[PDB]
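Peer 1: I am attaching a structure below and will ask some questions about it afterwards.
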Amino acid sequence: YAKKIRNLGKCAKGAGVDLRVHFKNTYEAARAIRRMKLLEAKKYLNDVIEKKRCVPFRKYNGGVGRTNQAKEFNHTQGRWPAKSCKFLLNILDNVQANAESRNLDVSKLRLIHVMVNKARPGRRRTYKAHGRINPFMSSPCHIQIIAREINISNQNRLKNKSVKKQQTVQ
RNA sequence: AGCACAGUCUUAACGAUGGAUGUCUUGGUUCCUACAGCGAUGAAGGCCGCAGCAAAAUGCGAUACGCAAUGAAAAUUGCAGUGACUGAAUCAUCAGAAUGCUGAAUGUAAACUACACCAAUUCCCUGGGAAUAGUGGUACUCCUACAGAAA
Ligand SMILES: [Mg+2]
Ligand SMILES: [Mg+2]
Ligand SMILES: [Mg+2]
Ligand SMILES: [Mg+2]
Ligand SMILES: [Mg+2]
Ligand SMILES: [Mg+2]
């Protein structure tokens, strides 16, 4: 895991190996999540899967629409990536389970590190035009998540100068 | 419990992606030396097989990842099983035995497992007693010899 931690007794990790979801959507979701209390994040994810609150697409925002929900995050564009959220939800659940297994109270857990990397793409073919084969690759991703429990030198001359200054001020 | 606008750009740290670099190396390459042909006694090439659980390659040929014999010589192992306390398990050696269907392919054929014709053939026992439609043979050219016919 990419973080600096010090005390892993207070942390709960969780990963997804090679998730068959789009990196960009899931990245966006992760961004939306990060620095949330775990339960709140979970709630948010559930809302997005039932299309009630959007995830705002701020970085990878080419063509993404113009939802009414994005006002909540001071933004115009947003989406409700379902599959991505589901995958993320699963990994959140895993994290929660891990925390439980340890002695971490899930109320006090913050997502300190939600990392999404892109994984090696699965290759397929698409057929175009005048007998031209093109790639039709997935962009799967690795997800790492870390929840975490939360609550000179003087000198004589210099000294003299200082004293003088003080006197002057007085 | 709070606080960071977001995006773009940059730097550093820590990761992903990728397979560079370095290190290897049962491979190649070159040169040198040595021998040097296989085949109607069916070659090379090709098919089809063959393992207890077996695809490829490797090896082998209805005795089919091997038989005999020789020289090692106690194991072989994924499991099953087979062996030792030396013709036995495994290696090498390989001279004996065997070597499917083809292929020059050669009885006529050939996108045929098509078809002829001549021998019936084969084994066992010391002259009989058993098998099996199975096994051989038959190309063209040529040579020597023989044959009885032709001018
Ligand atoms: Mg900003
Ligand atoms: Mg010669
Ligand atoms: Mg032997
Ligand atoms: Mg021996
Ligand atoms: Mg023939
Ligand atoms: Mg025909």
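Residues are referred to by chain and number: the chain letter is A, B, ... according to the order shown in the structure tokens, the number counts from 1 in that chain, and ligands are numbered separately from 1 in the order shown.
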All residues within 12 Å of ligand 2 are required, counting only C-alpha atoms (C1' of nucleotides) and all ligand atoms; please report them as a PDB file with N, CA and C atoms (P, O5', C5', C4', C3', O3' and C1' of nucleotides), in the first residue's frame.
Peer 2:
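File written: result_1.pdb
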```
ATOM      1  P     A B  36      35.886 -42.501 -44.646  1.00  0.00           P
ATOM      2  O5'   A B  36      34.368 -42.170 -44.976  1.00  0.00           O
ATOM      3  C5'   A B  36      33.331 -42.807 -44.215  1.00  0.00           C
ATOM      4  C4'   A B  36      32.006 -42.146 -44.477  1.00  0.00           C
ATOM      5  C3'   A B  36      31.750 -41.674 -45.903  1.00  0.00           C
ATOM      6  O3'   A B  36      31.971 -42.594 -46.998  1.00  0.00           O
ATOM      7  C1'   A B  36      30.985 -40.027 -44.443  1.00  0.00           C
ATOM      8  P     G B  37      31.122 -43.937 -47.214  1.00  0.00           P
ATOM      9  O5'   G B  37      29.676 -43.505 -46.737  1.00  0.00           O
ATOM     10  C5'   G B  37      28.856 -42.641 -47.531  1.00  0.00           C
ATOM     11  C4'   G B  37      27.474 -42.725 -46.963  1.00  0.00           C
ATOM     12  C3'   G B  37      26.906 -44.110 -47.223  1.00  0.00           C
ATOM     13  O3'   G B  37      26.029 -44.722 -46.300  1.00  0.00           O
ATOM     14  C1'   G B  37      25.631 -42.496 -48.338  1.00  0.00           C
ATOM     15  P     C B  38      25.673 -46.271 -46.503  1.00  0.00           P
ATOM     16  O5'   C B  38      24.112 -46.218 -46.778  1.00  0.00           O
ATOM     17  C5'   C B  38      23.261 -45.878 -45.684  1.00  0.00           C
ATOM     18  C4'   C B  38      21.877 -45.533 -46.156  1.00  0.00           C
ATOM     19  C3'   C B  38      21.229 -46.474 -47.146  1.00  0.00           C
ATOM     20  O3'   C B  38      20.924 -47.740 -46.589  1.00  0.00           O
ATOM     21  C1'   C B  38      20.739 -44.264 -47.736  1.00  0.00           C
ATOM     22  P     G B  39      21.096 -49.028 -47.489  1.00  0.00           P
ATOM     23  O5'   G B  39      19.849 -48.941 -48.469  1.00  0.00           O
ATOM     24  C5'   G B  39      18.508 -48.927 -47.962  1.00  0.00           C
ATOM     25  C4'   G B  39      17.554 -48.614 -49.085  1.00  0.00           C
ATOM     26  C3'   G B  39      17.652 -49.503 -50.310  1.00  0.00           C
ATOM     27  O3'   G B  39      17.051 -50.775 -50.134  1.00  0.00           O
ATOM     28  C1'   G B  39      17.576 -47.279 -51.016  1.00  0.00           C
TER      29        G B  39
END
```
Peer 1: Could you give me, as JSON lines, a per-residue list for chain B showing, wherever an atom lies at most 9 Å from an atom of ligand 6, the closest pair of atoms and their distance in Å to one decimal, using only C-alpha atoms (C1' of nucleotides) and all ligand atoms and sorting by chain then residue number from low to high?
Peer 2:
```
{"residue": "B:110", "atom": "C1'", "partner": "ligand 6", "partner_atom_place_in_ligand_line": "1 (Mg)", "distance": 7.6}
{"residue": "B:111", "atom": "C1'", "partner": "ligand 6", "partner_atom_place_in_ligand_line": "1 (Mg)", "distance": 8.2}
{"residue": "B:112", "atom": "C1'", "partner": "ligand 6", "partner_atom_place_in_ligand_line": "1 (Mg)", "distance": 5.9}
{"residue": "B:114", "atom": "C1'", "partner": "ligand 6", "partner_atom_place_in_ligand_line": "1 (Mg)", "distance": 8.0}
```
Peer 1: Compile the contact shell of segment 114-122 of chain A as a ChimeraX atom specification: residues with an atom at most 7 Å away, counting only C-alpha atoms (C1' of nucleotides), same-chain residues fewer than 6 positions apart removed.
Peer 2: /A:18,23,27,30,34,137-146 /B:16
Peer 1: Only N, CA and C atoms (P, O5', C5', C4', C3', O3' and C1' of nucleotides), please: the residues just picked out, written as a PDB file, in the first residue's frame.
Peer 2:
```pdb
ATOM      1  N   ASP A  18      -8.112  -6.693  -9.768  1.00  0.00           N
ATOM      2  CA  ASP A  18      -8.124  -6.331 -11.197  1.00  0.00           C
ATOM      3  C   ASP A  18      -9.569  -6.122 -11.606  1.00  0.00           C
ATOM      4  N   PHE A  23     -11.731   2.483 -15.142  1.00  0.00           N
ATOM      5  CA  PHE A  23     -10.836   3.232 -14.305  1.00  0.00           C
ATOM      6  C   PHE A  23     -11.362   4.628 -14.067  1.00  0.00           C
ATOM      7  N   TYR A  27     -12.324   5.988 -10.568  1.00  0.00           N
ATOM      8  CA  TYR A  27     -11.442   7.040 -10.048  1.00  0.00           C
ATOM      9  C   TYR A  27     -12.270   8.197  -9.512  1.00  0.00           C
ATOM     10  N   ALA A  30     -13.941   7.318  -6.311  1.00  0.00           N
ATOM     11  CA  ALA A  30     -12.930   7.327  -5.257  1.00  0.00           C
ATOM     12  C   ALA A  30     -12.682   8.741  -4.772  1.00  0.00           C
ATOM     13  N   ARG A  34     -13.184  10.191  -0.976  1.00  0.00           N
ATOM     14  CA  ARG A  34     -12.009  10.304  -0.082  1.00  0.00           C
ATOM     15  C   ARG A  34     -12.127  11.324   1.049  1.00  0.00           C
ATOM     16  N   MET A 137     -10.253  -2.541 -25.972  1.00  0.00           N
ATOM     17  CA  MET A 137      -9.740  -2.942 -24.673  1.00  0.00           C
ATOM     18  C   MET A 137     -10.577  -2.407 -23.533  1.00  0.00           C
ATOM     19  N   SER A 138     -10.693  -3.213 -22.484  1.00  0.00           N
ATOM     20  CA  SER A 138     -11.177  -2.732 -21.198  1.00  0.00           C
ATOM     21  C   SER A 138     -10.094  -1.873 -20.547  1.00  0.00           C
ATOM     22  N   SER A 139     -10.487  -1.108 -19.537  1.00  0.00           N
ATOM     23  CA  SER A 139      -9.543  -0.357 -18.726  1.00  0.00           C
ATOM     24  C   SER A 139      -9.821  -0.704 -17.272  1.00  0.00           C
ATOM     25  N   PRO A 140      -9.490  -1.950 -16.877  1.00  0.00           N
ATOM     26  CA  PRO A 140      -9.714  -2.349 -15.499  1.00  0.00           C
ATOM     27  C   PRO A 140      -8.734  -1.661 -14.567  1.00  0.00           C
ATOM     28  N   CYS A 141      -8.946  -1.831 -13.268  1.00  0.00           N
ATOM     29  CA  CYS A 141      -8.221  -1.058 -12.268  1.00  0.00           C
ATOM     30  C   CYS A 141      -8.018  -1.795 -10.950  1.00  0.00           C
ATOM     31  N   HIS A 142      -6.910  -1.469 -10.284  1.00  0.00           N
ATOM     32  CA  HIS A 142      -6.653  -1.901  -8.913  1.00  0.00           C
ATOM     33  C   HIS A 142      -7.171  -0.827  -7.983  1.00  0.00           C
ATOM     34  N   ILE A 143      -7.838  -1.242  -6.908  1.00  0.00           N
ATOM     35  CA  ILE A 143      -8.279  -0.317  -5.867  1.00  0.00           C
ATOM     36  C   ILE A 143      -7.639  -0.697  -4.551  1.00  0.00           C
ATOM     37  N   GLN A 144      -6.941   0.264  -3.947  1.00  0.00           N
ATOM     38  CA  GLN A 144      -6.442   0.139  -2.583  1.00  0.00           C
ATOM     39  C   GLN A 144      -7.228   1.096  -1.713  1.00  0.00           C
ATOM     40  N   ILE A 145      -7.618   0.632  -0.530  1.00  0.00           N
ATOM     41  CA  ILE A 145      -8.328   1.476   0.422  1.00  0.00           C
ATOM     42  C   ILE A 145      -7.746   1.305   1.809  1.00  0.00           C
ATOM     43  N   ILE A 146      -7.526   2.416   2.503  1.00  0.00           N
ATOM     44  CA  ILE A 146      -7.101   2.385   3.898  1.00  0.00           C
ATOM     45  C   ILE A 146      -8.076   3.225   4.722  1.00  0.00           C
TER      46      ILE A 146
ATOM     47  P     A B  16       3.167  -1.223  -7.171  1.00  0.00           P
ATOM     48  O5'   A B  16       1.750  -0.803  -7.754  1.00  0.00           O
ATOM     49  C5'   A B  16       1.080  -1.615  -8.726  1.00  0.00           C
ATOM     50  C4'   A B  16       0.301  -0.737  -9.669  1.00  0.00           C
ATOM     51  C3'   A B  16       0.540  -1.007 -11.146  1.00  0.00           C
ATOM     52  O3'   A B  16      -0.258  -2.117 -11.550  1.00  0.00           O
ATOM     53  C1'   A B  16       0.546   1.332 -10.726  1.00  0.00           C
TER      54        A B  16
END
```
Peer 1: Hey, which residues sit close to ligand 3? Say within 12 Å, counting only C-alpha atoms (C1' of nucleotides) and all ligand atoms, and write them as a PyMOL selection string.
Peer 2: chain B and resi 66-71+87-94
Peer 1: Can I get the selected residues back with C-alpha atoms (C1' of nucleotides), as a PDB file, in the first residue's frame?
Peer 2:
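Okay, this is what ended up in selection_31.pdb:
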```pdb
ATOM      1  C1'   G B  66       9.562 -50.479 -25.704  1.00  0.00           C
ATOM      2  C1'   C B  67      11.522 -56.802 -26.488  1.00  0.00           C
ATOM      3  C1'   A B  68      16.063 -59.652 -26.367  1.00  0.00           C
ATOM      4  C1'   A B  69      21.340 -59.409 -25.438  1.00  0.00           C
ATOM      5  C1'   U B  70      25.517 -56.966 -23.252  1.00  0.00           C
ATOM      6  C1'   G B  71      27.664 -53.200 -19.315  1.00  0.00           C
ATOM      7  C1'   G B  87      18.961 -61.883 -17.542  1.00  0.00           C
ATOM      8  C1'   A B  88      14.306 -58.729 -12.790  1.00  0.00           C
ATOM      9  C1'   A B  89      13.453 -51.455 -11.136  1.00  0.00           C
ATOM     10  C1'   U B  90      16.269 -47.843 -13.882  1.00  0.00           C
ATOM     11  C1'   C B  91      20.037 -46.261 -17.106  1.00  0.00           C
ATOM     12  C1'   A B  92      23.527 -46.688 -20.980  1.00  0.00           C
ATOM     13  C1'   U B  93      25.056 -50.040 -24.834  1.00  0.00           C
ATOM     14  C1'   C B  94      22.653 -52.208 -28.913  1.00  0.00           C
TER      15        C B  94
END
```
Peer 1: Per residue of chain B within 7 Å of chain A, record the nearest atom pair and its distance in Å to one decimal, counting only C-alpha atoms (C1' of nucleotides), with rows in chain order and ascending residue number, as CSV.
Peer 2:
```
residue,atom,partner,partner_atom,distance
B:7,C1',A:59,CA,6.8
B:14,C1',A:2,CA,5.3
B:15,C1',A:2,CA,4.9
B:16,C1',A:117,CA,5.3
```
Peer 1: Grab the residues selected above and save them as a PDB file, in the first residue's frame with C-alpha atoms (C1' of nucleotides).
Peer 2:
```pdb
ATOM      1  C1'   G B   7      -9.662  21.957 -12.880  1.00  0.00           C
ATOM      2  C1'   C B  14       5.231   6.581  -2.276  1.00  0.00           C
ATOM      3  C1'   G B  15       2.750   3.291  -5.648  1.00  0.00           C
ATOM      4  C1'   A B  16       0.546   1.332 -10.726  1.00  0.00           C
TER       5        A B  16
END
```
Peer 1: Using only C-alpha atoms (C1' of nucleotides) and all ligand atoms, what table do you get, as a Markdown table, when you list each residue of chain B with an atom no more than 10 Å from ligand 1, its nearest pair of atoms, and their distance in Å rounded to one decimal, rows by chain then rising number?
Peer 2:
```
| residue | atom | partner | partner_atom_place_in_ligand_line | distance |
| --- | --- | --- | --- | --- |
| B:4 | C1' | ligand 1 | 1 (Mg) | 8.6 |
| B:5 | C1' | ligand 1 | 1 (Mg) | 6.3 |
| B:6 | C1' | ligand 1 | 1 (Mg) | 5.5 |
| B:7 | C1' | ligand 1 | 1 (Mg) | 7.3 |
| B:8 | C1' | ligand 1 | 1 (Mg) | 10.0 |
```
Peer 1: Using only C-alpha atoms (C1' of nucleotides) and all ligand atoms, can you tell me which of B:130, B:123, B:115, B:43 comes closest to ligand 5?
Peer 2: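 Closest candidate: B:115.
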Peer 1: Select from segment 44-141 of chain A everything DSSP, run on the backbone, classes as alpha helix (DSSP H), then give the selection as a ChimeraX atom specification.
Peer 2: /A:44-49,82-101
Peer 1: Just write the chosen residues, N, CA and C atoms, as a short mmCIF file (atom, residue, chain, number, x, y, z; two decimals), in the first residue's frame.
Peer 2:
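Ended up saving to selection_26.cif:
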```cif
data_model
loop_
_atom_site.label_atom_id
_atom_site.label_comp_id
_atom_site.auth_asym_id
_atom_site.auth_seq_id
_atom_site.Cartn_x
_atom_site.Cartn_y
_atom_site.Cartn_z
N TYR A 44 -23.31 7.03 0.79
CA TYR A 44 -23.20 7.82 -0.43
C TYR A 44 -23.22 6.90 -1.65
N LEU A 45 -22.43 5.83 -1.55
CA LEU A 45 -22.32 4.85 -2.63
C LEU A 45 -23.67 4.21 -2.89
N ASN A 46 -24.37 3.87 -1.82
CA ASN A 46 -25.69 3.26 -1.95
C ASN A 46 -26.66 4.21 -2.65
N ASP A 47 -26.59 5.48 -2.27
CA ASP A 47 -27.42 6.52 -2.87
C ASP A 47 -27.15 6.61 -4.38
N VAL A 48 -25.87 6.59 -4.72
CA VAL A 48 -25.50 6.71 -6.13
C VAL A 48 -25.98 5.49 -6.89
N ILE A 49 -25.91 4.30 -6.30
CA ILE A 49 -26.40 3.13 -7.05
C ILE A 49 -27.90 3.21 -7.25
N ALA A 82 -22.90 3.06 -11.68
CA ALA A 82 -23.46 1.98 -10.86
C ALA A 82 -22.49 0.85 -10.60
N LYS A 83 -21.94 0.29 -11.68
CA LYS A 83 -21.05 -0.88 -11.59
C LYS A 83 -19.85 -0.57 -10.72
N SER A 84 -19.27 0.60 -10.99
CA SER A 84 -18.09 1.08 -10.27
C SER A 84 -18.41 1.19 -8.79
N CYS A 85 -19.56 1.78 -8.50
CA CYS A 85 -20.01 1.97 -7.12
C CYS A 85 -20.16 0.64 -6.42
N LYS A 86 -20.74 -0.32 -7.12
CA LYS A 86 -20.96 -1.67 -6.59
C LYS A 86 -19.62 -2.29 -6.23
N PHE A 87 -18.66 -2.15 -7.14
CA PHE A 87 -17.32 -2.73 -6.89
C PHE A 87 -16.69 -2.08 -5.65
N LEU A 88 -16.81 -0.76 -5.64
CA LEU A 88 -16.28 0.07 -4.55
C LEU A 88 -17.01 -0.29 -3.28
N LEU A 89 -18.32 -0.50 -3.35
CA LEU A 89 -19.12 -0.87 -2.18
C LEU A 89 -18.62 -2.17 -1.59
N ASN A 90 -18.33 -3.14 -2.46
CA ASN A 90 -17.82 -4.44 -2.06
C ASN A 90 -16.50 -4.26 -1.28
N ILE A 91 -15.63 -3.44 -1.83
CA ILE A 91 -14.33 -3.28 -1.19
C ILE A 91 -14.50 -2.53 0.15
N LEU A 92 -15.43 -1.59 0.22
CA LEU A 92 -15.75 -0.91 1.49
C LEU A 92 -16.22 -1.91 2.52
N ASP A 93 -17.08 -2.82 2.10
CA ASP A 93 -17.60 -3.89 2.96
C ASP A 93 -16.47 -4.73 3.50
N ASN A 94 -15.55 -5.08 2.61
CA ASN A 94 -14.36 -5.87 2.96
C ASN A 94 -13.55 -5.15 4.05
N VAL A 95 -13.35 -3.86 3.82
CA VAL A 95 -12.61 -3.00 4.74
C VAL A 95 -13.26 -3.02 6.12
N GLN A 96 -14.58 -2.87 6.11
CA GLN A 96 -15.39 -2.85 7.32
C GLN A 96 -15.22 -4.16 8.09
N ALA A 97 -15.27 -5.26 7.34
CA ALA A 97 -15.10 -6.60 7.90
C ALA A 97 -13.75 -6.72 8.58
N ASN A 98 -12.73 -6.23 7.89
CA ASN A 98 -11.36 -6.26 8.40
C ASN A 98 -11.26 -5.49 9.71
N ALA A 99 -11.89 -4.32 9.73
CA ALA A 99 -11.93 -3.46 10.91
C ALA A 99 -12.56 -4.21 12.09
N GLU A 100 -13.68 -4.86 11.79
CA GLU A 100 -14.43 -5.64 12.77
C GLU A 100 -13.55 -6.73 13.37
N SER A 101 -12.84 -7.42 12.48
CA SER A 101 -11.91 -8.49 12.85
C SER A 101 -10.85 -7.97 13.81
#
```
Peer 1: Name each residue within 10 Å of ligand 5, counting only C-alpha atoms (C1' of nucleotides) and all ligand atoms, as a list in words.
Peer 2: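 Counting only C-alpha atoms (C1' of nucleotides) and all ligand atoms, the residues within 10 Å of ligand 5 come out as residues 102, 105, 106, 107, 108, 109, 110 and 139 of chain B.
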Peer 1: Go ahead and dump the residues you just picked, N, CA, C and O atoms (P, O5', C5', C4', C3', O3' and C1' of nucleotides), as a PDB file, in the first residue's frame.
Peer 2:
```
ATOM      1  P     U B 102      -0.086 -50.271 -48.288  1.00  0.00           P
ATOM      2  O5'   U B 102      -0.237 -48.812 -48.913  1.00  0.00           O
ATOM      3  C5'   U B 102       0.834 -48.173 -49.634  1.00  0.00           C
ATOM      4  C4'   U B 102       1.044 -46.767 -49.123  1.00  0.00           C
ATOM      5  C3'   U B 102       2.042 -45.943 -49.915  1.00  0.00           C
ATOM      6  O3'   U B 102       1.440 -45.364 -51.073  1.00  0.00           O
ATOM      7  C1'   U B 102       2.416 -45.674 -47.574  1.00  0.00           C
ATOM      8  P     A B 105       7.824 -44.611 -59.468  1.00  0.00           P
ATOM      9  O5'   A B 105       7.174 -45.878 -58.766  1.00  0.00           O
ATOM     10  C5'   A B 105       6.048 -45.715 -57.898  1.00  0.00           C
ATOM     11  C4'   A B 105       5.847 -46.965 -57.087  1.00  0.00           C
ATOM     12  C3'   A B 105       4.556 -47.031 -56.262  1.00  0.00           C
ATOM     13  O3'   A B 105       3.775 -48.190 -56.574  1.00  0.00           O
ATOM     14  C1'   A B 105       6.429 -47.685 -54.974  1.00  0.00           C
ATOM     15  P     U B 106       3.038 -48.346 -58.006  1.00  0.00           P
ATOM     16  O5'   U B 106       4.004 -49.342 -58.793  1.00  0.00           O
ATOM     17  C5'   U B 106       3.520 -50.559 -59.394  1.00  0.00           C
ATOM     18  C4'   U B 106       4.442 -51.715 -59.088  1.00  0.00           C
ATOM     19  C3'   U B 106       4.557 -52.125 -57.620  1.00  0.00           C
ATOM     20  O3'   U B 106       4.843 -53.520 -57.509  1.00  0.00           O
ATOM     21  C1'   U B 106       6.667 -51.527 -58.411  1.00  0.00           C
ATOM     22  P     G B 107       3.753 -54.550 -56.952  1.00  0.00           P
ATOM     23  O5'   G B 107       2.739 -54.681 -58.173  1.00  0.00           O
ATOM     24  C5'   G B 107       3.127 -55.343 -59.389  1.00  0.00           C
ATOM     25  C4'   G B 107       1.934 -55.527 -60.296  1.00  0.00           C
ATOM     26  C3'   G B 107       1.102 -54.291 -60.599  1.00  0.00           C
ATOM     27  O3'   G B 107       1.664 -53.494 -61.634  1.00  0.00           O
ATOM     28  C1'   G B 107      -0.329 -56.045 -59.973  1.00  0.00           C
ATOM     29  P     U B 108       1.034 -52.062 -61.973  1.00  0.00           P
ATOM     30  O5'   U B 108      -0.338 -52.441 -62.690  1.00  0.00           O
ATOM     31  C5'   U B 108      -0.962 -51.535 -63.616  1.00  0.00           C
ATOM     32  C4'   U B 108      -2.472 -51.605 -63.526  1.00  0.00           C
ATOM     33  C3'   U B 108      -3.170 -50.311 -63.155  1.00  0.00           C
ATOM     34  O3'   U B 108      -3.218 -49.393 -64.242  1.00  0.00           O
ATOM     35  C1'   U B 108      -4.122 -52.064 -61.919  1.00  0.00           C
ATOM     36  P     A B 109      -2.634 -47.907 -64.077  1.00  0.00           P
ATOM     37  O5'   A B 109      -3.794 -47.155 -63.288  1.00  0.00           O
ATOM     38  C5'   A B 109      -3.736 -47.007 -61.863  1.00  0.00           C
ATOM     39  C4'   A B 109      -5.131 -46.957 -61.284  1.00  0.00           C
ATOM     40  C3'   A B 109      -5.421 -45.749 -60.399  1.00  0.00           C
ATOM     41  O3'   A B 109      -5.988 -44.707 -61.190  1.00  0.00           O
ATOM     42  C1'   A B 109      -5.844 -47.731 -59.188  1.00  0.00           C
ATOM     43  P     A B 110      -5.421 -43.200 -61.112  1.00  0.00           P
ATOM     44  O5'   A B 110      -5.993 -42.659 -59.730  1.00  0.00           O
ATOM     45  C5'   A B 110      -7.387 -42.777 -59.394  1.00  0.00           C
ATOM     46  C4'   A B 110      -7.582 -42.628 -57.905  1.00  0.00           C
ATOM     47  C3'   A B 110      -6.870 -41.448 -57.253  1.00  0.00           C
ATOM     48  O3'   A B 110      -7.691 -40.292 -57.406  1.00  0.00           O
ATOM     49  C1'   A B 110      -6.432 -43.420 -56.021  1.00  0.00           C
ATOM     50  P     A B 139       6.584 -57.741 -61.992  1.00  0.00           P
ATOM     51  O5'   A B 139       5.614 -56.484 -61.900  1.00  0.00           O
ATOM     52  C5'   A B 139       4.552 -56.322 -62.854  1.00  0.00           C
ATOM     53  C4'   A B 139       4.638 -54.970 -63.503  1.00  0.00           C
ATOM     54  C3'   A B 139       5.898 -54.724 -64.323  1.00  0.00           C
ATOM     55  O3'   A B 139       6.021 -55.652 -65.417  1.00  0.00           O
ATOM     56  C1'   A B 139       5.577 -52.889 -62.922  1.00  0.00           C
TER      57        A B 139
END
```
Peer 1: Using atom CA of residue 123 of chain A and atom CA of residue 136 of chain A as the two end points, give the distance in Å to one decimal.
Peer 2: 6.3 Å
Peer 1: Between B:131, B:50, B:118, B:145, which one has atoms that come closest to residue 100 of chain B, using only C-alpha atoms (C1' of nucleotides)?
Peer 2: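 Distance minimum relative to residue 100 of chain B lands on B:50.
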Peer 1: Please identify the strand (DSSP E) residues within segment 95-161 of chain A (assignment by DSSP from backbone atoms) and present them as a ChimeraX atom specification.
Peer 2: /A:109-118,125-128,132-135,141-149
Peer 1: Set the distance at 9 Å and use only C-alpha atoms (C1' of nucleotides): which residues neighbour residue 39 of chain A once local chain neighbours fewer than 2 positions away are removed? I'd like the list as a ChimeraX atom specification.
Peer 2: /A:36-37,41-44,92,96,106-107,109-110
Peer 1: Write out the residues from the selection above, keeping N, CA, C and O atoms, as an mmCIF file, in the first residue's frame.
Peer 2:
```cif
data_model
loop_
_atom_site.group_PDB
_atom_site.id
_atom_site.type_symbol
_atom_site.label_atom_id
_atom_site.label_comp_id
_atom_site.auth_asym_id
_atom_site.auth_seq_id
_atom_site.Cartn_x
_atom_site.Cartn_y
_atom_site.Cartn_z
ATOM 1 N N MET A 36 -13.813 10.683 3.714
ATOM 2 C CA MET A 36 -15.116 10.504 4.337
ATOM 3 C C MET A 36 -15.000 9.494 5.470
ATOM 4 O O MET A 36 -14.140 8.602 5.441
ATOM 5 N N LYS A 37 -15.871 9.634 6.469
ATOM 6 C CA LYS A 37 -16.113 8.537 7.406
ATOM 7 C C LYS A 37 -16.640 7.362 6.590
ATOM 8 O O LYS A 37 -17.342 7.563 5.611
ATOM 9 N N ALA A 41 -19.454 7.198 3.566
ATOM 10 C CA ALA A 41 -19.026 6.846 2.201
ATOM 11 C C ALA A 41 -19.913 5.755 1.636
ATOM 12 O O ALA A 41 -20.371 5.842 0.493
ATOM 13 N N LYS A 42 -20.143 4.744 2.459
ATOM 14 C CA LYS A 42 -20.972 3.591 2.106
ATOM 15 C C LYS A 42 -22.382 4.062 1.726
ATOM 16 O O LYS A 42 -22.945 3.644 0.698
ATOM 17 N N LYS A 43 -22.911 4.936 2.572
ATOM 18 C CA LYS A 43 -24.246 5.515 2.398
ATOM 19 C C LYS A 43 -24.334 6.226 1.047
ATOM 20 O O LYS A 43 -25.298 6.045 0.275
ATOM 21 N N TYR A 44 -23.308 7.030 0.795
ATOM 22 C CA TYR A 44 -23.204 7.821 -0.431
ATOM 23 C C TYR A 44 -23.215 6.897 -1.647
ATOM 24 O O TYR A 44 -23.923 7.150 -2.629
ATOM 25 N N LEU A 92 -15.430 -1.591 0.225
ATOM 26 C CA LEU A 92 -15.747 -0.910 1.486
ATOM 27 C C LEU A 92 -16.220 -1.907 2.523
ATOM 28 O O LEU A 92 -15.800 -1.850 3.670
ATOM 29 N N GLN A 96 -14.577 -2.867 6.109
ATOM 30 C CA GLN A 96 -15.393 -2.854 7.321
ATOM 31 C C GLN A 96 -15.215 -4.159 8.087
ATOM 32 O O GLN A 96 -15.029 -4.159 9.306
ATOM 33 N N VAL A 106 -16.244 1.020 13.744
ATOM 34 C CA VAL A 106 -16.512 1.510 12.382
ATOM 35 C C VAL A 106 -17.133 2.911 12.291
ATOM 36 O O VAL A 106 -17.127 3.514 11.216
ATOM 37 N N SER A 107 -17.672 3.419 13.398
ATOM 38 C CA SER A 107 -18.137 4.801 13.465
ATOM 39 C C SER A 107 -16.990 5.803 13.276
ATOM 40 O O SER A 107 -17.148 6.804 12.574
ATOM 41 N N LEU A 109 -14.021 5.511 11.761
ATOM 42 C CA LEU A 109 -13.096 5.176 10.672
ATOM 43 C C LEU A 109 -13.195 6.155 9.523
ATOM 44 O O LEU A 109 -14.273 6.318 8.940
ATOM 45 N N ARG A 110 -12.069 6.764 9.164
ATOM 46 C CA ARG A 110 -12.016 7.622 7.991
ATOM 47 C C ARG A 110 -11.274 6.930 6.854
ATOM 48 O O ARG A 110 -10.300 6.212 7.102
#
```
Peer 1: Find the residue from B:86, B:11, B:47, B:40 that sits nearest to ligand 4; use only C-alpha atoms (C1' of nucleotides) and all ligand atoms when measuring.
Peer 2: B:86
Peer 1: When you draw a straight line from atom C1' of residue 138 of chain B to atom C1' of residue 103 of chain B, how long is it in Å?
Peer 2: 20.0 Å
Peer 1: When distances are computed from only C-alpha atoms (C1' of nucleotides) and all ligand atoms, which of B:147, B:72, B:132, B:104 shows the smallest separation from ligand 4?
Peer 2: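 The shortest atom-to-atom distance to ligand 4 comes from B:72.
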Peer 1: Could you work out how far atom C1' of residue 17 of chain B lies from atom CA of residue 31 of chain A, giving the answer in Å with one decimal?
Peer 2: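 For atom CA of residue 31 of chain A relative to atom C1' of residue 17 of chain B, the distance reads 20.6 Å.
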